[PDB]
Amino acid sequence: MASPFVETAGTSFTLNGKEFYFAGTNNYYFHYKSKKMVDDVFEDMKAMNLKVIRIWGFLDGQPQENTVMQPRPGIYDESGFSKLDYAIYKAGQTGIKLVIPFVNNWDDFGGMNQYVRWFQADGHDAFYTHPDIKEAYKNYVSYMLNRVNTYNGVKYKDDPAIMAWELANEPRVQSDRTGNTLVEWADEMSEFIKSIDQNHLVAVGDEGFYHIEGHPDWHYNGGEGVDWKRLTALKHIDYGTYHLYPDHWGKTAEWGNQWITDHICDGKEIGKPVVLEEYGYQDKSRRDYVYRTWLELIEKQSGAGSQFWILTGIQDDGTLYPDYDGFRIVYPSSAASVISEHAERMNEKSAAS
């Protein structure tokens, strides 16, 4: 049956009775910036033919620009939640879908380490195993899923503007070389979400690292506690996520080509969609060619979609929000045109499905 919620069928997504191949993006500031700044990014997405944006669903502990979502365990604050409500509302108005992780692996916006601090634990990876922290995470998830959006009266778990919930942004368990800890946690937390929300997709939000047995030279494939094939195969996970930052990781753009091909292939073998959920390349003089090449693999090998890091827009004074991290894409630009030409082909593929 046709559904207004994004669903899966084999290695691709579906939406409203048609296949849903997409290009999209990420932005971390929708839960604390003005409506003018948020609206400008949505407007850029429409101009770029983008259909999906991944945004943070967390702001734990310390406020950012006087805005917070969970200042203390179980204390849920309207300053950040009202802004998330607005993003969901605006996505619904504009026909864009959201992907929303519940916690950060990293310390930006508090992260797992804020839970470790609140609960008096002894290090990052306690987040995954301590019952007190797991229950706090569950209480936060359950609050979000059940929250009534103040802009439209629709509970988050009932809103088709949300494509997927995500367990975390880039979860790692460096102290666990087996990958068992994250698989067990992800199994528990995806089951929990599905026990409440029977409308939405769920993904892990991991970076896609493989578990290579022994002691591989490239420590990311085993040493970060991430076993992507096992995570993607979990019963209550609907699609696999993989990220790509070859510069950071000591790799090349051509290694990135092979990384994309390998993850798309593994989606075909597992039988679930896979999304290149974050990607970026730091040399701006080569990124247009690098992105073109990566996105053409996505298109030609039938990957379900991709989301670049990062689309930012204007600030309240009309100037551009700065390129703080070296990954900024603005619209219009030569990199935005590479992406928007690919996005148009993905949207045409969907319409012709």
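Residue indices: 1-based, along the sequence shown.
Between the stretches 210-218 and 186-194, it is 210-218 that shows the larger average CA temperature factor.
If you average the C-alpha B-factors over 314-322 and over 26-34, the higher value belongs to 314-322. In the deposited coordinates, the residue among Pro101, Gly225, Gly110, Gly240 with the greatest CA B-factor is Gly225. Annotation for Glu278, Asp85, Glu166, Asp132: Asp132 ranks highest, by Cα B-factor. Among all modelled residues in its chain, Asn105 ranks in the lowest third by Cα B-factor. Compared with the other modelled residues of the chain, the Cα B-factor recorded for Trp255 ranks in the highest third. Compared with the other modelled residues of the chain, the Cα B-factor recorded for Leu295 ranks in the middle third. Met69: CA B factor in the lowest third of modelled residues in this chain (values from the PDB entry). Remark: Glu170 belongs to the lowest third of its chain, ranked by C-alpha B-factor as recorded.
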